[PDB]
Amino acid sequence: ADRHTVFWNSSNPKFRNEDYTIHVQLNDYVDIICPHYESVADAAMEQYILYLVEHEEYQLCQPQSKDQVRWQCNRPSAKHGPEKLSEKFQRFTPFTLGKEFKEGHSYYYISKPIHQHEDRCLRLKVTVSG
């Protein structure tokens, strides 16, 4: 009713069109859920760096800099459950390294695999309505 779930993995069919976009309101949460396993081989477990980027980096599906690193899916078999990035679409942050989100704007996530095949570009468009 309030939070949106995205399964960030290369088997998620929603990424196939590369038009994957979800619509949120201010103060909605997006829960990006990292690949998670409890047995395939360690090397087969999907791992990603998530970036939060501007439109152009989204078009290229490539990060511009370290500053854009949002989170890391580098715990594919954590016992405590899947690793999870919970982004609240606030208008204002007290934290100077975080992002602010505005009504009528769109925001963009991309990933890169951690030392693995990039078969397909994984990206997400989040549009704030209002």
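When you see a residue number, it is the position in the sequence shown, counting from 1.
Coordinates are lacking for 1 to 3 deposited residues between residue 38 and residue 39. For the pair 95 to 103 and 46 to 54, the mean B factor over Cα atoms is greater in 95 to 103. For the pair 111 to 119 and 19 to 27, the record assigns the higher mean C-alpha temperature factor to 19 to 27. As recorded in the PDB entry, 59 shows the highest C-alpha B-factor of the residues 59, 72, 86, 68.
The entry lists a Cα temperature factor for residue 1 that places it in the highest third of the chain's modelled residues. In the PDB entry, residue 128 places in the highest third of its chain by CA B-factor.
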